[PDB]
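In structure tokens, the next block holds one chain alone, the form deposited without the ligand.
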């Protein structure tokens, strides 16, 4: 399958990414608390539902939330301000709270059932969000010996996510609050800038965007 691209809502960030976030890939955004990772996730969950000529993939969304940070009314606001029906956009997001890292891992395996269900509908899953990828792993695997154990479990979790992305032509988008190794396909460092702006840099130019009533935009 040919890769698809999802606009982030920001022309600047889209250019940095080579056209938007890619299916058949895991894109990790990382940065400090308040850098805008979850706002970008909310915006992508709307943008993917647009038709392709508007930067979407006519796609549905699966969202795994580890911090109780998903806000349905933020989805509805972004959708309405981009000309989409807020309730239809919200309905196309399958939402699950992960209680711990082991539940988070099961939820990714569980997501395959709905992905298969929707694969040949007119709105297949095209975006899978894990927000936060790492928070439960950081809280649970701590102290001497935890580095190797945590990295091995995360590697398995990321392998599961890579398989879904690659097998079903899905963009996986994950957040990480920040020498450790990482296996996302692309890592984007996000930080606050002047004038309320957020600045994005690819890790291993910079894009600048604002958080607005449309989610994010230049």
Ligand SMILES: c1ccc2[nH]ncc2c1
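Positions refer to the first chain, counted from 1.
We do not show the form solved in complex with the ligand, though everything after this point is about it.
- Counting atoms of the ligand, placed from its pose in the deposited bound form by superposing the C-alphas round the site, that lie within 2.4 Å of this form's backbone or C-beta atoms gives zero, so the site is open.
- Stretch 56-64 is the answer when you ask which of 145-153, 22-30, 180-188, 56-64 has residues with heavy atoms within 4.5 Å of the ligand in the deposited bound form.
- Comment: the ligand is not present in this chain, but in the deposited bound form one of 81, 100, 110, 139 has a heavy atom within 4.5 Å of it, namely 110.
- Comment: the ligand is not present in this chain, but in the deposited bound form one of 90, 96, 118, 105 has a heavy atom within 4.5 Å of it, namely 96.
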